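This report refers to the structure that appears directly beneath it.
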4 protein chains.
Amino acid sequence: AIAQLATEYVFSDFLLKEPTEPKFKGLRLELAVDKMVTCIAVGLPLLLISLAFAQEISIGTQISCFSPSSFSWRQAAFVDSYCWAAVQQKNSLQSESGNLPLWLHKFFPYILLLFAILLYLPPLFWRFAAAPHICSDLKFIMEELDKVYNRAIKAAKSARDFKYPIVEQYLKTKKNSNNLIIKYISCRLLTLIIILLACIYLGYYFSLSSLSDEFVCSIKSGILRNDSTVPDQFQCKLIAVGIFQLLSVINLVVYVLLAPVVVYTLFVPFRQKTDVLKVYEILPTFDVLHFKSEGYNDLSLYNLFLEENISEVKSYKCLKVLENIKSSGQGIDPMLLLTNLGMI
Amino acid sequence: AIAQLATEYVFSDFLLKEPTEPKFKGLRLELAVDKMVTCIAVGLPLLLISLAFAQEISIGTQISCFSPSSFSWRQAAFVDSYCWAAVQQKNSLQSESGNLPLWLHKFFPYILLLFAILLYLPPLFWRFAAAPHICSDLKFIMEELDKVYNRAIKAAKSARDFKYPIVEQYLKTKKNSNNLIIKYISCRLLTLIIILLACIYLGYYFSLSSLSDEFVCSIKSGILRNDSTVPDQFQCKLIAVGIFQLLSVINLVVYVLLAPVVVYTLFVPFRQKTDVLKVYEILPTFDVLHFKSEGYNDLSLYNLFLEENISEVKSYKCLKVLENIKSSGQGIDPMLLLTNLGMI
Amino acid sequence: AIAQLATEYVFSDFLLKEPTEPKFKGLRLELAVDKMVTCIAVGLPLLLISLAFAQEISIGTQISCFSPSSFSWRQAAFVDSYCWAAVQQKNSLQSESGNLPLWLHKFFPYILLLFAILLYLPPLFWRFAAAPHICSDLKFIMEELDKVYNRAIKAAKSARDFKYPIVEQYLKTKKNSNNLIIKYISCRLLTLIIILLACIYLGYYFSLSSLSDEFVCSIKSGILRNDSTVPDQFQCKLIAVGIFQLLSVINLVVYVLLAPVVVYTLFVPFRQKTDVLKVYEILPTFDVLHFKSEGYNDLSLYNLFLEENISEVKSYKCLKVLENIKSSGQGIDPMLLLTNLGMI
Amino acid sequence: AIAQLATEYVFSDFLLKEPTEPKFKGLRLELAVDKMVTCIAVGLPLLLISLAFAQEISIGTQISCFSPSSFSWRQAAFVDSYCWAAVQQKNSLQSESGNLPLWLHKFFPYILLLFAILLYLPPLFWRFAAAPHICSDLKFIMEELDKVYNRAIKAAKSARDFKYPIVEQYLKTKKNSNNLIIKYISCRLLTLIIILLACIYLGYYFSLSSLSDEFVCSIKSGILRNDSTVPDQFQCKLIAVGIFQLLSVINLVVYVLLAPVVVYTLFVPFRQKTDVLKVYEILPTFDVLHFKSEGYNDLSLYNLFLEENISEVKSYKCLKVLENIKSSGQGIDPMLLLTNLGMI
Ligand SMILES: CC(C)CCC[C@@H](C)[C@H]1CC[C@H]2[C@@H]3CC=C4C[C@@H](O)CC[C@]4(C)[C@H]3CC[C@]12C
Ligand SMILES: CC(C)CCC[C@@H](C)[C@H]1CC[C@H]2[C@@H]3CC=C4C[C@@H](O)CC[C@]4(C)[C@H]3CC[C@]12C
Ligand SMILES: CC(C)CCC[C@@H](C)[C@H]1CC[C@H]2[C@@H]3CC=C4C[C@@H](O)CC[C@]4(C)[C@H]3CC[C@]12C
Ligand SMILES: CC(C)CCC[C@@H](C)[C@H]1CC[C@H]2[C@@H]3CC=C4C[C@@H](O)CC[C@]4(C)[C@H]3CC[C@]12C
Ligand SMILES: CC(C)CCC[C@@H](C)[C@H]1CC[C@H]2[C@@H]3CC=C4C[C@@H](O)CC[C@]4(C)[C@H]3CC[C@]12C
Ligand SMILES: CC(C)CCC[C@@H](C)[C@H]1CC[C@H]2[C@@H]3CC=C4C[C@@H](O)CC[C@]4(C)[C@H]3CC[C@]12C
Ligand SMILES: CC(C)CCC[C@@H](C)[C@H]1CC[C@H]2[C@@H]3CC=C4C[C@@H](O)CC[C@]4(C)[C@H]3CC[C@]12C
Ligand SMILES: CC(C)CCC[C@@H](C)[C@H]1CC[C@H]2[C@@H]3CC=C4C[C@@H](O)CC[C@]4(C)[C@H]3CC[C@]12C
Ligand SMILES: *[C@@H]1O[C@H](CO)[C@@H](O)[C@H](O)[C@H]1NC(C)=O
Ligand SMILES: *[C@@H]1O[C@H](CO)[C@@H](O)[C@H](O)[C@H]1NC(C)=O
Ligand SMILES: *[C@@H]1O[C@H](CO)[C@@H](O)[C@H](O)[C@H]1NC(C)=O
Ligand SMILES: *[C@@H]1O[C@H](CO)[C@@H](O)[C@H](O)[C@H]1NC(C)=O
C-alpha cells in the first residue's frame, strides 16, 4: 500500500543503517549532507516507481487497445499484449510523437531504477574503497586525543597535589596527500552529473504532449497480414503515463533542489570551518597549532569528518564546555579542567 | 485489514521508536508534545490512505464508465482505464466542476502522502541536525548533576563522621546562544504552515459538490475520433470520492485541533516553568542561582528538555522527594539527604 | 515490486555477508574487487530476471496466439498453452527465424539463472576449499605481527627505563608453494570464460530480428489433424521478448565492462605493490627483509590479502602512522613508537 | 520468483547449516565433498521442481483438452480436470506412448521430491547415528593434542630456564573397529545407487517422443457414456512436459558428473593421505609413530575427519608452520617451538 511504501522509504532507516560490523562502532563514515543527498536521490525514484503502480492509483493493465466488439476477450488480450511488445517494433505501430515516447512510457520504471542504481554506485564505491582507511585513521586520531587529554589531566592533578605531537604530525602529513579528497570530489561530481542527466530525462519526459501514450497498433504481420476480419489498426493507450509524468516532474523538482547541495558539497574547503581542534589548543600536553584550512587536500575532508563525528568523544565535549565557559572568562581553563575530572 | 492498519499506526510504536543507538540511551531528544504532534500529523493521513482503499470499504475499481451493452468486457475496461488516464487530458473529458476536482480525486492518496512527508521532514531535520548537540550537552549536564550530588553527600557524610559551578556556567553560556531555539522555532513554524496548507486543501476538497466525481469521458481521439459504433461520450464516476471527502474532513478536524498545540509549542518561554534546577539549590556544593527564565534563547529549550527527561536521574529524584518533604518542614534538608544515602 | 527487487539485490548485502562463523572474525577472505565482480556477475542476471516479469512491466501471459472469434476462452487458452509447450516441438510450429530463437525466448530466465549459478560456482569453490587455509595462515601472521610489535615496544620501554623471524620464514616458505595462487587463477579464469560465453549468448540473443518472437503454431496433431473447424495455423507472439533483449544487452554491457576487471585480477603479481610489510622493517625485533614481489606464487596472493585486511591490526596502523610522520623526518621512529604506547 | 528460488537453494546456506547445538561447536561432522554431494543431489531436484512451475515459465494450467466451441467454460474445465484425474484410469484415455508416460508427466515433481528425500536419508542417518560418536571422539582427540602440545612447550620452557601416549593408543584401538567406516561406506553406496536409479529414470523420461504429453481423453463413463452431444474424445496436452524433460536432462547431467565423486568418496583409504599427525611427531612429549594408512577401518575415516577439521586447532597450526619453516632448515624445531609461545 501507499502508506507501507512511505514507511519503508521515508519513515524507516532506508540506507540510513550504520555499518553492521564492529570495525566502525559509532563512526558515521559519511557526512550527514552526503547521506541525505544519497538517501533522497536513491529512495525518491524507488518511491515513485512503487507509487505509480500502487493498487489504488492503478486502474489495472498498463495498456488497452479497444478491440472490436466481435473480438473475444482473449483476442483483445492478444491485441493488447502484442501492442505492448510492439512498442519496440517500429513497423507495427505508427504514432505521431514517434516511438521513443512509447519506449519511455513502457520502461519508465526501469529508467528510474537505473538512475537510482547509478546514484547509489558512487556512495558504495566510497564506502567500500575510501571508508575503511578514513575510519582507521579517525579512530586512531580520536584515541590519540583521548590519551593526550588523559595525560594532561593527570599532569594537572599531579601538579595540584615523550610529549611528542604525534597526532599533529599525522594531520600535517595528511595535509600533503590528496587521494581521499580526490575520490570524494570524483564521486560527488559523478553523482551531480547523474542527477543532471536524470533532470534532463525527466524534463523531456514531462514535456511530452500527453497524447503520445495513445499510439496506433497493427497486428498485421505473419498470417494475419492479409486477413480481412481483423481491422487494419487499433487504438491503444498506455495507462499510467500521466502518473509517470507527474512523478517525473516531482523527481525533477527534487533533483534540481538537491543539485545545489551537491555543488556546495563539492567545495569542501569552504565547508572546512569552525575548527574542531581549536578547542584542544588550551591543553598543556597539546601543541598550540591548528594548521588545517585553505587546501584541496585530505586534511580538509578529515576536518569535516572530525566536526561530524567528534561529539562522541568525552574529552572533546569537556574541552568544548570549557571553551564555552571561557566566553565569560570568570574562571581559569586549567582550574576548570582539573575540577571536571572527566578522564573516562 | 482495517484492524491491522489500526494496530500498525495507532496501537503500535509508529514513529515512537527511541533512537536505535548507544549514543542516546534513555534520552527522548524530542518533547512529548512535539512527538505527539508529529505522530498524529504523519500517521493520520497514512491511516486514512490505508482506510480509503481497505478491502472492505472498497467496492472494487476506482472508476466505472458504464459502457454500452454492446461493448465487450475489455472494451469497457479500455473505456474505464482511458478515462482514468484522461482525467489529466482536459480535452477528453468535460465536467461541470472542471478538471482540478478530477485531478484531486485521482491523486488524493498522493496528496496525503505528500503532506505526511512534508510534516515528517522538520522532525527529521531536527533529529539529524540539532539532536546530537543537545543530547551531548544534556548528557554532560546530567553527569555533572550526579557528580555534584555525590560530592555533596560525601561532604555531608564526612562532616557527620575546585568547588566550581561548571554546570551553572555552562547553562549561563547557553543563555546567550540561540541557534538551537531558532532551529526549533523554525521547524515548528514550518510544521504549522504545512498543517494550515493541508487544512486549506482538505476544506476545499470536502467543499466539492460531491458530484464532481461524475465526469463525461470521450474516447474520440485518434482513429476512433470519427468512428460511429462508439458513443460520443460515456458516464464515468470516480468511486471512493465520498470516502476521500469523509476522511479529508476527519483530517481537517484533527489538524485544526492540533494547530493550537503547535502554536502553544512555539511559545517556548511560557512553557519554561516549574524550575527543574530549583530543587538542586539546597545542595551546599551547588550555587544558589537558577537564572533560567524569560528568554528567546536556547536556555529555555534546555530547561524544557531537562524537565522532560530528568526523571531518569536518581539524584534529581532524591532532591525532589526532599523538596516535597520540606513542604511540611518537619525535618531538615541536610539530615534527610544524609539519611537517604542515594549516591548510586 | 521493482523497488523491492532493487533493495534486495543492489541496496542490500546480497552476497556481501561476511562468513557467519567465529572462525573468520573480521577476515574478508575475498578481495574487494573479486567480491564486487562476483556480486555483479551473479545479482545482475537475477535482477534482470526479476525485472522482466515484474507486475508492472508484464502485460500478462507470456504468449498469445489470437484464436478465432468463434473459439471460446478455454479453446484459445488451449491454443496458447499448446504453442507454449510446442516451441520445443519443431513440427508443430514453422517460424522464419527457426526454433532456436523460440527456445531462447522461452528459457531466457533459465539461461540467466544458469549463468549466475556458473559464475557463483568458482567463488563458492574458493570459499569452501582455499579460504580456510588462507584464513588460518593470515590469522597466524597477524598474531605474530602483533606479538613482535608488543615485544619490540616492551624492549624499547625497558631500554628507556629467541628473537627468531618466524613470520618471515613462513612467508619465505609460502614463496615456494603455489597451490593457492593456482586455484585463485583457475577460478578467475573460469569466471572470465563464463562471462565471455554469457556475452556471446547475450549478443546473439540481442541480434535477433525482434520478429522471431512471432511464430506460426499448428494444433493439428492427433484427432485434430484432420478437423475442419480449427484453422490450419495461428499467429502466436512471445510477449516480453523485447524486454528480454533490452535486459540482455544491458547484461552484455555490464559483463564486457567487467571482463577487463577480471583480466586485471588474473595478473596478481602486478597487483602486488605498496609493500604492506615495508612498514614493519623499522622494528628492531623484526628483520629488515621484505622479499615479496615478482612471483607467480602464493606469496603475492598473501601480500594482496594482507594489504586488504591488515587495517584491522592496531600494530600495523601504529607503524603506518609512524611511517607517515617519518615523511617529514622531524622526530625519530623509536621515540615515536615509545611515545605511542599502543601495545593493545 | 526464479531469483528467489536461486537465492534459497544455491546462494543460501541450504543444508549447509552447522549443527544448531553446543555439543558440536565448530565441528563439521561431514566431509566437504560429502556435504557438497548431498547439497547438490538434494537441492538440485527441488530447484528444478520450483523452476518448472515458476510464474514466468508457466503459461497456466498443466493440461488443456480443447473442448468444442459449444462447450461452456466449466464444461471445458470439467473435461480438463477429468482427463487430469484419468491419466491414471487407463480405459478413459488412449495414447500411443501408453499410460506410463502420462503418469510420469503428471507426477514428475513427486518423483524428483522422492529422489531428493531418498538422497537426504543416508546423510540424515549418518548425522543422527554415527555423527555424535565421531564428534565426541574427535573432540577428545583435539583436547589431547592441545594438552600434549601445552605439556611439551612447558617442558621446553622449563629446560630453557605419566608421559603416556593415550591419544596414540586410542587411534591404534580405532584401527581395529570398523563400524563407523562400514556405516559411511553403506550410506555412500546407497546414495550412489539412488543417484544411478535417478539417472536411469531421467534418461527414460527425456527419451520420450515429446508427443506422449498429447493423449486422447474420453469422458464417456457413467450417464455420459451414451450421450450424443458430447464428442467421443478430446485432444488433451500436458503442458510443461518439455520443461520437465529439459530439467530432467539437466539433473541427469549433474548426477552423472556427481557419481564419479561418490565413487571416489567410497575409496576412503586412497583419500587418506597427507598425514595430519606427522607434524606432531617432532614433539618430545609425543611418540614418533603415525601408524595410520592402508586400512578399510575407522582409522582412515578419522584421519579424513582430522585433516578436514584440524585447522581450528592452534597447536596443530603452530606445528604446521614449524614444519613449513623446517623445509629450509635454517633454524631448529625446539627453538622455534619455544620462541612461538603459543600455549593458548
Ligand atoms: C540520461 C541521458 C543519457 C539522457 C539524454 C537525453 C534524452 C532523455 C533525450 C532528450 C532529448 C532527446 C533527443 C531530442 C531530439 C532528437 C532528434 C530525433 O530525430 C532523434 C532523437 C533525438 C536525438 C532525441 C534523443 C533522446 C534525447 C537526447
Ligand atoms: C537540470 C535542469 C537544467 C533541467 C531542466 C529541464 C530542461 C533541461 C528541459 C525542460 C524542457 C526540455 C525541452 C522540452 C522539449 C524539447 C523539444 C525536443 O524536440 C528536443 C528537446 C527539448 C528542447 C527539451 C530539452 C530539455 C528541456 C529544456
Ligand atoms: C497545499 C496548498 C498549495 C494548497 C493551496 C490551495 C488549493 C488546494 C486550492 C484552494 C482554492 C483553489 C483555487 C480556487 C479558485 C481558482 C480559480 C480558477 O479559475 C483557477 C483555479 C483556482 C486559482 C484554484 C486553484 C487551487 C486552489 C488554490
Ligand atoms: C485552518 C482553517 C482556517 C481551515 C478552514 C477551512 C477553510 C479555509 C475552507 C472551508 C471552505 C473553503 C471554501 C469552499 C469553497 C470555495 C469556493 C471556491 O471557488 C474558492 C475556494 C473556497 C472559497 C474555499 C476556500 C477555503 C475554505 C474557506
Ligand atoms: C554459453 C555458450 C555455450 C553459448 C554458445 C553460443 C550460442 C549462444 C549460439 C551463438 C551462435 C549460434 C550458432 C549460429 C549458427 C548456427 C548454424 C545453424 O545451422 C545451426 C545452429 C548454429 C550452429 C548456432 C548454434 C548456437 C550458437 C553457437
Ligand atoms: C565478449 C564480446 C566480444 C562479445 C561481443 C558480442 C559478439 C560476440 C556478438 C554480437 C553480434 C553477434 C553476431 C550476430 C549475428 C550472427 C549471425 C548468425 O548467423 C551467427 C552468429 C552471429 C555471427 C553473431 C555472433 C556473435 C556476435 C558477433
Ligand atoms: C527408480 C527406478 C525404480 C526406476 C526404474 C526404471 C524406470 C524409470 C523405467 C525404465 C525402463 C522402464 C521399462 C521399459 C519397458 C517396459 C515394458 C512394458 O511392456 C512394461 C513397462 C516396462 C517394464 C518399463 C517399466 C518402467 C521402467 C523400468
Ligand atoms: C547412469 C547412466 C549410465 C545413465 C544413462 C542413461 C541411460 C541409462 C538411458 C538413456 C536412454 C535410455 C533408453 C531410452 C529408450 C529405451 C526404450 C524403452 O523401450 C526401454 C528403455 C530404453 C532402452 C532406455 C533405457 C535407459 C537409457 C539407456
Ligand atoms: C497475404 O496475401 C497477399 C495477397 O496479396 C500476399 O501477397 C501475401 O504473401 C500473403 N501473406 C501471407 C503471410 O501468406
Ligand atoms: C475522421 O473522419 C473525418 C471526416 O470528417 C476526417 O476529417 C478526419 O481526419 C478523420 N480522422 C482520422 C483520424 O482519420
Ligand atoms: C484424419 O483423416 C485423414 C483423411 O485423409 C486420415 O488420413 C487420417 O488418418 C485421420 N487422422 C486421424 C488421427 O484419425
Ligand atoms: C447408454 O445407452 C446404451 C444404449 O445401447 C445402453 O446400453 C447403456 O446401458 C446406457 N448407459 C447408461 C449409463 O444408462
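For the range D:255-274, a tally of residues being buried (at least 18 other Cβ atoms within 10 Å of the Cβ), within 23 Å of D:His290 (Cβ to Cβ) and not β-branched (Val, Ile, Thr) returns 1.
Test B:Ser248 against the stated conditions and say whether it is part of a loop (DSSP other than H, G, I, E, B) and more than 16 Å from ligand 12 (Cβ to nearest atom). Against the criterion (part of a loop (DSSP other than H, G, I, E, B) and more than 16 Å from ligand 12 (Cβ to nearest atom)), B:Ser248 does not qualify.
Look through C:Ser58, C:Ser50, C:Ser81, C:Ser72 and report the one residue that is away from ligand 6 (no atom under 16 Å from the Cβ) and in contact with a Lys or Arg (Cβ under 8 Å, 6 or more places away or on another chain).
On the way: C:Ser58 fails: in contact with a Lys or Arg (Cβ under 8 Å, 6 or more places away or on another chain); C:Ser50 fails: in contact with a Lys or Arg (Cβ under 8 Å, 6 or more places away or on another chain); C:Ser72 fails: in contact with a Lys or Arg (Cβ under 8 Å, 6 or more places away or on another chain).
Result of the check over C:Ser58, C:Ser50, C:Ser81, C:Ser72: C:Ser81.
Considering the conditions (1) within 14 Å of chain C (Cβ to nearest Cβ); (2) within 16 Å of ligand 10 (Cβ to nearest atom); (3) not charged (D, E, K, R), A:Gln169 is excluded by exactly one of them, (2).
Could you pull out the residue among C:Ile49, C:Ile57 that is closer than 28 Å to C:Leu118 by Cα and either polar (S, T, N, Q) or more than 8 Å from chain A (Cβ to nearest Cβ) (or both)? Quick ask: steps written out before the conclusion?
Working: C:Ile57 fails: either polar (S, T, N, Q) or more than 8 Å from chain A (Cβ to nearest Cβ) (or both).
From the options C:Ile49, C:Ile57, the qualifying one is C:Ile49.
The residue that is nearest to ligand 3 (Cβ to nearest atom), among those in the range C:197-211 that are within 14 Å of another protein chain (Cβ to nearest Cβ) and in a loop (DSSP other than H, G, I, E, B), is C:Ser210. Considering (1) buried (at least 19 other Cβ atoms within 10 Å of the Cβ); (2) over 30 Å from A:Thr229 (Cα atoms); (3) more than 17 Å from the chain's Cα centre (by Cα); (4) at the interface with chain A (Cβ under 9 Å from one of its Cβ atoms), say which one C:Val10 fails and leave the rest. That leaves (3) as the condition not met.
Could you tell me how many of the residues in the range B:212-234 are of a type in the set (A, V, I, L, M), assigned to a loop (DSSP other than H, G, I, E, B) and either farther than 30 Å from B:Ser70 by Cα or out of contact with any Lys or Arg (no Cβ under 9 Å at 6 or more places or on another chain) (or both)? Lay out the reasoning, then the answer.
Filtering the range B:212-234 for residues of a type in the set (A, V, I, L, M) gives B:216, B:219, B:223-224, B:230.
Cutting the leftovers down to assigned to a loop (DSSP other than H, G, I, E, B) gives us B:219, B:230.
The next check asks that each one be either farther than 30 Å from B:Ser70 by Cα or out of contact with any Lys or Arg (no Cβ under 9 Å at 6 or more places or on another chain) (or both); those that pass are none.
Adding up the residues that qualify gives 0.
Applying the criterion of being more than 8 Å from chain A (Cβ to nearest Cβ) and of a type in the set (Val, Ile, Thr) to the residues of the range C:219-242, the residue that is farthest from ligand 10 (Cβ to nearest atom) is C:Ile223. May I ask you to verify whether D:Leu283 is crowded, with 17+ Cβ neighbours inside 10 Å, more than 16 Å from ligand 3 (Cβ to nearest atom) and not basic (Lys, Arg)? So D:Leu283 fits the description; yes. Checked against the criterion of being assigned to a loop (DSSP other than H, G, I, E, B), out of contact with any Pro (no Cβ under 7 Å at 6 or more places or on another chain) and farther than 30 Å from B:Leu202 by Cα, the range B:312-319 has at least one qualifying residue. Annotation for the range C:124-132: at least one member residue is in a helix (DSSP H, G or I), within 30 Å of C:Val262 (Cβ to Cβ) and within 7 Å of chain D (Cβ to nearest Cβ).
Out of B:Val216, B:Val148, I need the residue that is aliphatic (A, V, I, L, M) and within 14 Å of chain A (Cβ to nearest Cβ). Which one? It would help to see each step written out before you state the result.
Values: B:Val216 fails: within 14 Å of chain A (Cβ to nearest Cβ).
Being aliphatic (A, V, I, L, M) and within 14 Å of chain A (Cβ to nearest Cβ) holds for just one of B:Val216, B:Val148, which is B:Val148.
C:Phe24 meets the conditions (1) in contact with a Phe, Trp or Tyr (Cβ under 9 Å, 6 or more places away or on another chain); (2) surrounded by fewer than 22 Cβ atoms within 10 Å (Cβ to Cβ); (3) more than 9 Å from chain A (Cβ to nearest Cβ) in every case but one. The failed one is (1). Out of A:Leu252, A:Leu180, A:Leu192, one residue alone is away from ligand 1 (no atom under 16 Å from the Cβ) and crowded, with 18+ Cβ neighbours inside 10 Å. It is A:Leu180.
Could you list, in sequence order, all residues of the range B:86-96 that are aliphatic (A, V, I, L, M) and surrounded by fewer than 23 Cβ atoms within 10 Å (Cβ to Cβ)? Don't jump to the end; show me each part of the working.
Going through the range B:86-96, the residues aliphatic (A, V, I, L, M) turn out to be B:86-87, B:93.
Residue satisfying the conditions is B:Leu93 alone.
Number of residues in the range B:69-89 that are part of a helix (DSSP H, G or I) and either more than 7 Å from every other protein chain (Cβ to nearest Cβ) or closer than 10 Å to B:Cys217 by Cα (or both) equals 7.
For A:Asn99, the conditions (1) surrounded by fewer than 22 Cβ atoms within 10 Å (Cβ to Cβ); (2) under 13 Å from A:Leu238 (Cβ atoms); (3) facing another protein chain (nearest Cβ under 8 Å) all hold with the exception of (3). All conditions but one from (1) over 30 Å from A:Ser70 (Cβ atoms); (2) more than 9 Å from chain B (Cβ to nearest Cβ) apply to A:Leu247; the one that does not is (2). Residues in the range A:49-68 that are under 21 Å from A:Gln235 (Cβ atoms) and outside any loop (DSSP other than H, G, I, E, B) were compared, and the one that is farthest from the chain's Cα centre (by Cα) is A:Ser64.
Could you say whether any residue in the range C:321-332 is in a loop (DSSP other than H, G, I, E, B), more than 14 Å from chain A (Cβ to nearest Cβ) and of a type in the set (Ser, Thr, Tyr)? Step through it out loud before you land on a result.
Step one: filter the range C:321-332 for residues in a loop (DSSP other than H, G, I, E, B), giving C:327-332.
Keeping just the survivors that are more than 14 Å from chain A (Cβ to nearest Cβ) gives none.
There is no residue in the range C:321-332 that is in a loop (DSSP other than H, G, I, E, B), more than 14 Å from chain A (Cβ to nearest Cβ) and of a type in the set (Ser, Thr, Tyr).
Only one of the numbered conditions (1) within 12 Å of chain C (Cβ to nearest Cβ); (2) polar (S, T, N, Q); (3) touching a helix residue (DSSP H, G or I) at 6+ places or on another chain (Cβ under 6 Å) is violated by D:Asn297, and that is (1).
Every read-out reported here was derived from the displayed coordinates using simple, explicitly stated rules and does not represent laboratory data. Quick reminder, even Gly has a Cβ in these numbers, built from the backbone with ideal geometry, and neighbours come from all protein chains shown.
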